[PDB]
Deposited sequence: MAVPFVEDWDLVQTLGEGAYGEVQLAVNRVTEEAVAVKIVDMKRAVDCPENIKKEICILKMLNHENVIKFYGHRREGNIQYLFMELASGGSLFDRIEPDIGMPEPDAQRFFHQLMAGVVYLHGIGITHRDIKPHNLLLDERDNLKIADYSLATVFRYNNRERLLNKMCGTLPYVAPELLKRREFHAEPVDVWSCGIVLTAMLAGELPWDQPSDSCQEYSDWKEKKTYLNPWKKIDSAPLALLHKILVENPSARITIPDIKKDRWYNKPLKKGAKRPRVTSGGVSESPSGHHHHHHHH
């Protein structure tokens, strides 16, 4: 019924392909997984999703040991491909994408789900350039029956992970996703990642902690979004800005055009 045309992206288990229906020509995204605990959890999370800034899940089909996960194709491609290396993108476009990213993350956190791997390759765009949070292979429950569960597993992508994930045995989920959103905002406004990892052995991270904002990528960023990044990229997660307070930030609320 479907023909595999091109690879769309990668992940820790299986692969995501562009599939074209042999009868209707309908183009969709399909995740093909070989061989059980991890896929059952992923399917469960994908079934919970219903929001404008999260990738739409059509359903799943099992054939022997092979699992197929059907998702709405993001015709605008990835946010990664909108970032010009060493430049970024126009500040109004970055602000709009950031507003949409916050909308999707508030939605996930509201249903007690943490994404755990927010980065430009996992942020896709529809026909009208609406951002959509994709890939739930690392996603997990951090709140159930109004009771929070601490995370105790290391995962994600090193330039995007919060420092507490490397240091603490257990840590709160929401500040970790807030942090990765801050690295995404830095990438959008500067076209470069600030550090390989948020550790003391990383000079670029030490330089940020020492407020050396006269260095790249910070010197490419205007004072208003930089003031927001100073509130997000806070080492101590208990002192880090929360999403309700990000929504009150001067740059977040600044009228911008084109």
Q | Missing stretches, numbered from 1 on the deposited chain sequence and kept in order | A | 1 to 7, 43 to 48, 272 to 297
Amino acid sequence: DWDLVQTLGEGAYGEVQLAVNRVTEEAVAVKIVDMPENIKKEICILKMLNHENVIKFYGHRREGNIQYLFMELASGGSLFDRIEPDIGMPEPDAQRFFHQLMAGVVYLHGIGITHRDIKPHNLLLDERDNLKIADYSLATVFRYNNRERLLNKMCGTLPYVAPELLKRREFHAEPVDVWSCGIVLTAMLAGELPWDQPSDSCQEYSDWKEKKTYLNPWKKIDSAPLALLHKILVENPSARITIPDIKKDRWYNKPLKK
From here on, numbers count along this sequence of modelled residues.
Q: Mind pulling up the entry and telling me whether 106 to 114 or 129 to 137 has the higher mean Cα temperature factor?
A: 129 to 137
Q: Mind pulling up the entry and telling me whether 200 to 208 or 64 to 72 has the higher mean Cα temperature factor?
A: 64 to 72
Q. So among 226, 189, 32, 54, who wins on Cα B-factor in the entry?
A. 32
Q.
Please say which third, lowest, middle or highest, residue 219 falls into when its CA temperature factor is compared across its chain.
A. middle
(Q) Where does the C-alpha B-factor of residue 24 rank in its chain, lowest, middle or highest third? (A) highest
Q) Among the modelled residues of its chain, does the C-alpha B-factor of residue 232 lie in the lowest, middle or highest third? A) lowest
Q.
Can you tell me whether residue 17 has a C-alpha B-factor in the lowest, middle or highest third compared with the other modelled residues of the same chain?
A. highest
